């Protein structure tokens, strides 16, 4: 029987050592991979929370703006009502001392036209103001939407880069592991063949 006992022992120790090494490498890689997925999932949840925070803040800001706009509308109406009340008062007072029919009608004609001129201006102003408010709110909302488009792009780019880094590192590690295993097997085969 032409196999030296110590040589057989050496070959068996190398096979056993290789088994343990390979098992450890497989577990190590599984752990590193699992960790990366865990981190990626937690990072994605953090980003969802940030997006929600951004929407809540914007809604809070929109709430304040709308309330202030309502007050400003109330104030604008109140100024117009003060002016209107003054005109009603002066319209009537002026007629109190007028005693010629034609003059009374002429002053009435002026009062009527004045009231219509101011009504037209007040109505038009309010349409212009309400529209501006509407446009401001739509513009704020759109800016928030646009920013979410680019943020989502950036978030997806970052995630794909981390994934790529992870897959490249795993591949380099697997490759080096294979090289080492083959070199250890190759050395053991030389040694076995050389043994007397």
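Numbering follows the first chain given and starts at 1.
According to the PDB record, 148 to 156 carries the higher mean C-alpha B-factor of the two stretches 148 to 156 and 50 to 58. In this crystal structure, the stretch out of 73 to 81 and 98 to 106 whose C-alpha atoms carry the higher mean B factor is 98 to 106. As recorded in the entry, 42 carries the highest CA temperature factor of 28, 130, 42, 67. For residue 13, the recorded CA temperature factor ranks within the highest third of the chain's modelled residues. The deposited CA B-factor of residue 37 belongs to the middle third of values across its chain. Sorting the modelled residues of the chain by their CA temperature factor places residue 189 in the lowest third.
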